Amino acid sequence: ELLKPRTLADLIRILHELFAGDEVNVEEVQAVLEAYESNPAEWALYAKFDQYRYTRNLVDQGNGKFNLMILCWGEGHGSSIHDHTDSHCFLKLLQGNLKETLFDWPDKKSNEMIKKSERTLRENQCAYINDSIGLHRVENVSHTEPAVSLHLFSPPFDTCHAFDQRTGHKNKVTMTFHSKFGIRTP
């Protein structure tokens, strides 16, 4: 039974219930993430920015079932076009706006990756992707507003692939944490 999360801590408790088993009800998880009304005081601890690129800040390890993290995007910061390593990805905006651009999986032949679509993800909205749907790029295209997003990955993964938009060629990347549980992790 899905109730509105009152706070980030309440959200985390609810997520632990929703991931108690071995499968994932995507629509329920997305609904509860959307229902949490971002409260900046609750996540300030995790909102650690870097001047040069976006940062990943681990919030909860989900009793091994998921990684919950906060990503902090300076003005003009964005990601590679990437996959999600056979895992679910939920992405909820906590502050600002992000542009999500969707791409299909490349063919074997070297070719420009042409965007399938794009959308602007706004405060409190929760998007979802998995490898069956496709690839995406996420960017804070703002010149004036930093963005903050809350990401849930299940199962957790620490590697993925970045894709060269010019060719479709992929490279394995290991994702690094900027902080864990509020502690900077150089």
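Just count from 1 along the sequence shown to find any residue number.
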With B-factors read from the PDB entry, the higher C-alpha mean of 113 to 121 and 28 to 36 is in 113 to 121
So, looking at the entry's B-factor column for Cα atoms, which has the higher mean, 61 to 69 or 40 to 48?
61 to 69
From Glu100, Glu75, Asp104, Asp83, the top C-alpha temperature factor is at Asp104
Can you pull the Cα B-factors for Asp158, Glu145, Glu139, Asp131 from the entry and say which is highest?
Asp158
Going by what the PDB entry lists, where does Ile12 fall on CA B-factor within its chain: lowest, middle or highest third?
lowest
Thinking about Cα B factors across the chain, which third does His88 belong to?
middle
